[PDB]
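Novice:
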Amino acid sequence: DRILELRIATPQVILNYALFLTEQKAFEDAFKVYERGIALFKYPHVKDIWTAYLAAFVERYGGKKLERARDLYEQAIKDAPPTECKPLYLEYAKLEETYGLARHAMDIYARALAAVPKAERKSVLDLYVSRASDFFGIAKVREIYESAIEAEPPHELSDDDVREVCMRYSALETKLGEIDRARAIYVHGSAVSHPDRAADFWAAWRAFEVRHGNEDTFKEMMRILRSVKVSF
Amino acid sequence: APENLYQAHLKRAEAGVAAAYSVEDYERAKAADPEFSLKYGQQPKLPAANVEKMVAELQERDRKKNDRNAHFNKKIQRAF
Amino acid sequence: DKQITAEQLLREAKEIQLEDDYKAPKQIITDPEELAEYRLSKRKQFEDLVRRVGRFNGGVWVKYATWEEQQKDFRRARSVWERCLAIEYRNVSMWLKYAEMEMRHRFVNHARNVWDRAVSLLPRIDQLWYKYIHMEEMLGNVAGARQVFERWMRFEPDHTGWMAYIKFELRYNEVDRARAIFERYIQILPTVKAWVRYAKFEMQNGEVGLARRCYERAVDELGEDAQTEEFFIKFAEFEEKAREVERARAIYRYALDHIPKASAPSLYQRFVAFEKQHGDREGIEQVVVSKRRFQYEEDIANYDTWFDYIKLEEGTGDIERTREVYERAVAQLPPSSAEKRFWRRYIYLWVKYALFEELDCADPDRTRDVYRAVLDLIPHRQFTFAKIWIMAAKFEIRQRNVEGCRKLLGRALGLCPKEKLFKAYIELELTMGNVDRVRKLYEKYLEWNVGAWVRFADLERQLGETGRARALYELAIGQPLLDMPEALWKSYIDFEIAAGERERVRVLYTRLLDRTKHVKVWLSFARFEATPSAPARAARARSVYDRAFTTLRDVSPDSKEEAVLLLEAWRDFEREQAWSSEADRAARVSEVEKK
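In the order they appear, the protein sequences are chains G, L and W. Using UniProt numbering, the first residue of the first sequence is number 530, and each one after it goes up by one. Going left to right, the second sequence walks through residues 441 to 476, 482 to 510, 529 to 543 as UniProt numbering numbers them. Going left to right, the third sequence walks through residues 21 to 321, 326 to 472, 476 to 559, 581 to 643 as UniProt numbering numbers them.
(1) Pull out every residue of the stretch 271-293 of chain W whose Cβ sits closer than 9 Å to any Cβ of chain G, in chain order.
(2) Please determine, among W:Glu467, W:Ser518, W:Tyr469 and W:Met456, the residue with the shortest C-alpha to C-alpha distance to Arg488 of chain W.
(3) Between the alpha carbons of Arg390 of chain W and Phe380 of chain W, how many angstroms are there, rounded?
(4) Can you list, in chain order, the residues of its chain with a C-beta nearer than 7 Å to that of residue 568 of chain W? Leave out the 5 residues immediately preceding and following it.
(5) Going along chain L in order, which residues have a C-beta closer than 7 Å to the C-beta of residue 323 of chain W?
(6) Taking Cβ positions only, does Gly592 of chain G come closer than 8 Å to chain W?
(7) How would you label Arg217 of chain W, buried or exposed, when you count the other beta carbons within 10 angstroms and need 16 or more for buried?
(8) The alpha helix (DSSP H) that contains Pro583 of chain W, what's its start and end?
(9) Do three or more CB pairs link the stretch 245-254 of chain W to the stretch 272-291 of chain W at distances below 8 Å?
(10) I want to see whether chain G comes within less than 8 Å of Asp328 of chain W, judged by CB atoms only; does it?
(11) I believe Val532 of chain W touches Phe555 of chain W by the beta-carbon criterion, under 8 Å. Please report the beta-carbon distance rounded to the nearest angstrom.
(12) Give me the residue from G:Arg589, G:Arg752 and G:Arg640 with the minimum Cα distance to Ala622 of chain G.
(13) If you follow the alpha helix (DSSP H) that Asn225 of chain W is in, where does it begin and where does it stop?
(14) Determine which residues of the stretch 575-600 of chain G have a Cβ less than 7 Å from any Cβ of chain W, and write them out in chain order.
(15) Quick check on the DSSP output: the alpha helix (DSSP H) that includes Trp81 of chain W runs from which residue to which?
(16) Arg452 of chain L versus chain W: which residues are under 8 Å apart at the beta carbon?
(17) Does DSSP put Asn111 of chain W in a helix, a strand or coil?
(18) Given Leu432 of chain W, which residues of its chain have a CB within under 7 Å of its CB, disregarding the five upstream and five downstream residues?
(19) Excluding the 5 residues flanking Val112 of chain W on each side, which residues of the same chain have their C-beta closer than 7 Å to its C-beta?
(20) From which residue to which residue does the alpha helix (DSSP H) around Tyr500 of chain W run?
(21) Give the residues of chain W in contact with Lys561 of chain G, contact being defined as C-beta atoms less than 9 Å apart.
(22) Should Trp367 of chain W and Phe407 of chain W be called a contact, given that it needs their Cβ atoms to be closer than 8 Å?
(23) Within 8 Å (strictly less), CB to CB, does residue 523 of chain L reach chain W?
(24) Which of helix, strand or coil does DSSP assign to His684 of chain G?
(25) For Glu596 of chain G, count the other beta carbons within 10 Å of its own beta carbon; 16 or more makes it buried, fewer makes it exposed. Which is it?
(26) Pick from G:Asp709, G:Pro724, G:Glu534 and G:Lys669: whose alpha carbon is nearest that of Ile753 of chain G?
(27) Can you tell me which of the three DSSP states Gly181 of chain W falls into?
(28) Return helix, strand or coil for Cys614 of chain G, following the three-state DSSP convention.
(29) For a contact defined as C-beta to C-beta under 8 Å, what are the partners of residue 15 of chain W on chain L?
(30) Only counting runs of 4 or more residues, tell me where the alpha helix (DSSP H) segments fall wholly within the stretch 33-75 of chain W, in order along the chain.
(31) Leaving out five residues before and five after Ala378 of chain W in sequence, what residues of the same chain have Cβ atoms less than 8 Å from its Cβ?
(32) From the DSSP output, in three-state form, read off residue 480 of chain L for me.
(33) List, in chain order, every chain W residue whose beta-carbon is nearer than 9 Å to that of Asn444 of chain L.
(34) Shorter than 8 Å from the beta carbon of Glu649 of chain G to some beta carbon of chain W?
(35) Mind listing which residues of the stretch 380-391 of chain W have their C-beta closer than 7 Å to chain G's C-betas, in chain order?
(36) Report the option in W:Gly164, W:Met183, W:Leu30 and W:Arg263 whose CA atom is closest to the CA atom of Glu534 of chain G.
See below:
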């Protein structure tokens with residue numbers, strides 16, 4: 530507390546003090562010292578003590594102190610920059626799935642993708658979709674898709690990312706047997722996809738219509754891709 | 441912004457007091473002068494350097510700092 | 021080869037560079053009387069421009085005056101600035117340019133006079149006052165700068181004016197003077213910003229009983245309208261960095277008491293942030309859980329946060345609290361009686377309260393109470409939750425209330441006929457071994476079902492009533508309602524094969540082939556004939593295969609895939625036959641193939 534008094538500290542001795550009282554099972558003062566350190570620095574040096582504190586609460590108070598757990602998580606969120614909301618959002622989703630309810634974990638991932646950067650929103654959306662498959666199924670995963678379609682900036686996802694989002698959406702809609710919704714999703718991905726680099730998108734669409742499309746939709750294929758080849 | 445250039449005016453204020461004057465400078469000027482009133486108008490006793498200080502100070506600031532159709536559109540692509 | 025798009029030609033036009041004017045030649049100019057007449061020429065140019073354009077559009081006097089300043093003629097340039105200001109004195113830009121011309125040439129009393137006039141005439145432009153003060157302190161004239169600050173304070177500036185005055189007096193380490201300015205400041209603008217800034221000044225200053233004094237004096241003097249968020253947030257943070265945390269707790273409470281709880285979210289989260297460090301574990305747990313309770317209390321004035333509060337109370341150990349919380353969650357009856365999701369959620373929440381009273385509370389009477397409440401609030405004539413019946417029956421069974429579980433089973437039965445409820449009830453009747461009531465229950469489920480007859484035959488076989496079960500199967504074949512069931516057929520075939528009767532299976536096979544001509548059924552008949581002399585079995589299987597191909601030929605002229613699968617299986621079994629001769633296997637494979 531003399532080191533913490535004069536502000537000659539780092540993440541290192543904060544974590545060290547906290548663990549040292551953890552092994553004397555003095556978890557309460559460990560918590561108060563984590564409180565000391567979190568405000569004692571700014572990020573990215575508060576990420577590590579936040580990881581340790583998050584885990585120290587998860588370990589000990591799971592199912593008994595969920596409310597103060599999410600208190601901890603929320604304040605960790607609003608202090609953290611966009612650059613690392615990913616692991617914290619993942620920890621929060623994990624605990625509130627295992628001990629909590631699937632609905633507010635769903636809104637957790639909604640917050641995460643609303644909050645993480647575009648270039649990794651891909652890997653966060655894969656997680657959201659798969660968890661929603663586990664916990665809510667078909668219509669919910671579809672709404673996840675369309676939430677990832679109708680997001681104007683600064684919610685923006687990348688065209689190659691949205692490309693493969695459209696790819697996955699059609700690959701699952703054609704799976705469930707509602708083929709023409711997947712047709713619609715492919716038309717959607719057309720207005721985003723410059724063909725010349727993304728030959729796989731049009732290849733999937735064409736060979737897809739060879740099995741589920743007709744020559745009228747095939748001429749509309751060579752009309753849509755036509756227009757887009759004109760457009761960019 | 442008047443708040444932006446206000447903290448820049450305080451930039452200039454604290455910078456120039458850190459740059460041109462010192463505490464014993466100030467306090468011995470005072471020690472010479474008991475009235476720090483009713484003396485308004487009469488110029489005060491201060492070293493002749495002070496003047497150029499201000500001048501140099503502001504002059505410091507200084508060194509930091529078709530045809531007409533091009534400007535017009537350059538406002539519109541700017542805007543539109 | 022290249023064509024004529026516009027833009028490129030436009031660029032060419034730009035290259036044609038218009039007539040932007042070529043700079044006047046820089047002829048060497050002598051300083052005497054050649055200077056003077058160039059100056060006559062440019063001054064007559066300026067006077068002409070100024071009598072033309074001077075009054076109606078600004079810009080020009082600045083050029084005229086900066087030129088006369090370049091000529092180092094300051095009598096002339098002062099007259100140009102005075103003629104600008106004689107046109108329009110309300111332009112701050114012109115006063116600034118005038119006083120700056122005067123300052124940058126060390127004309128400092130002249131500049132003071134310009135400032136005095138600018139600041140007298142436009143006493144509401146803060147920037148005039150700033151630049152006058154700045155000019156005075158750049159000359160190390162802090163008595164004069166301070167007198168300008170006094171005049172400015174007389175015109176009552178904003179917070180920033182008083183704050184700049186305070187920072188001025190601090191800059192020269194004059195904290196008695198800055199304190200007197202804070203006195204005047206908090207009187208003139210009586211505000212929370214004035215007072216919290218006063219107190220921050222004091223806690224920086226070295227005085228902590230005075231910072232406490234200034235918060236106290238803010239609440240007495242400010243009195244009313246000191247009731248606000250940031251005032252109490254600042255009180256809390258002050259008494260916090262004063263390590264008087266009991267003082268700080270009194271502060272936070274007295275706030276939440278006085279502050280409109282509409283304003284409470286930020287103050288309350290920050291109080292949670294206080295308890296973060298200083299509170300005790302179950303103390304802060306109590307605080308957050310209580311605040312969550314009132315959160316839900318206002319939000320119901326929502327089943328997911330309901331289950332979350334259930335979890336929070338159940339994990340906090342507070343048993344009676346969890347009971348009352350489940351009670352309040354059940355107090356919210358579904359207002360929209362059609363949404364299966366909401367009623368299912370309600371049934372799951374009441375079942376959760378049931379399992380809480382059952383496992384954590386150790387109260388089987390309270391468990392019977394909860395489950396009976398669940399049974400009475402669920403309108404069974406429209407709502408059919410077999411799960412509720414099943415769980416209630418399990419509760420009554422573990423407590424060994426056999427007749428009770430039977431009563432609840434019959435209740436769900438006579439209320440909402442359910443295949444899953446009936447099947448679970450029959451399972452539980454077998455779990456006691458009451459085979460006669462089991463038969464009666466299977467029957468009552470049948471009269472209300477391929478599996479009912481199937482399960483009754485299987486029960487008769489598990490009792491060994493192979494003759495009674497065979498008669499039951501025969502009756503199952505004789506009714507017109509279960510016409511095309513291949514699953515009951517599979518059950519009867521299985522019972523006939525397990526019963527040592529190849530011949531009964533053969534009569535069943537003839538009936539099944541006469542009934543429906545499925546090629547898979549023909550394969551299954553010949554395959555039963557195949558699986559365990582062995583040559584007689586192979587010969588009978590061959591006769592079956594031949595009759596099957598003939599029948600599927602004379603009956604199914606288009607259905608080539610059926611007989612094709614049949615012949616595929618025939619060749620496979622022909623190669624699979626445990627033949628004592630491999631040349632016979634070759635010849636038989638050739639016969640199966642060439643067809």
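From the three backbone atoms N, C-alpha and C, an ideal C-beta is built for every residue, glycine too.
Specialist: Put simply:
(1) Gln289, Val292 and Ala293
(2) Checking every option, the nearest Cα to that of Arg488 of chain W belongs to W:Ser518.
(3) Straight-line Cα distance between these residues: approximately 10 Å.
(4) A gap in chain W, from 559 straight to 581, means residue 568 of chain W has no coordinates in the model shown.
(5) Examination of chain W shows a numbering gap from 321 to 326; residue 323 of chain W is inside it and therefore has no coordinates.
(6) yes
(7) buried
(8) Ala582 to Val603
(9) yes
(10) By this cut-off, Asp328 of chain W is an interface position.
(11) 6 Å
(12) G:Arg640
(13) Residue range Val212 to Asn225 is occupied by the alpha helix (DSSP H) that includes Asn225 of chain W.
(14) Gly592, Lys593, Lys594, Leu595, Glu596, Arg597 and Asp600
(15) Its alpha helix (DSSP H) spans residues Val80 to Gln90.
(16) Ordered by position in chain W, the residues that pass the 8 Å Cβ test against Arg452 of chain L are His154.
(17) Collapsing the DSSP output to three states places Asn111 of chain W in coil.
(18) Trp413, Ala416, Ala417 and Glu420
(19) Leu142, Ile145, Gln147 and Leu148
(20) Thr493 to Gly505
(21) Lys296, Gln297, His298 and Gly299
(22) yes
(23) One cannot assign coordinates to residue 523 of chain L, given that chain L in this structure leaps from 510 to 529.
(24) coil
(25) buried
(26) Minimum Cα distance to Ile753 of chain G is reached at G:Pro724.
(27) helix
(28) helix
(29) In this structure chain W extends from 21 to 643, so residue 15 of chain W is not present and cannot be described.
(30) 55-73
(31) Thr391, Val394, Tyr395, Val398, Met415 and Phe419
(32) Residue numbering in chain L jumps from 476 to 482; residue 480 of chain L, which lies between, is not modelled.
(33) The contacting residues do not exist; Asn444 of chain L stays about 13 Å from chain W at best.
(34) no
(35) none
(36) W:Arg263
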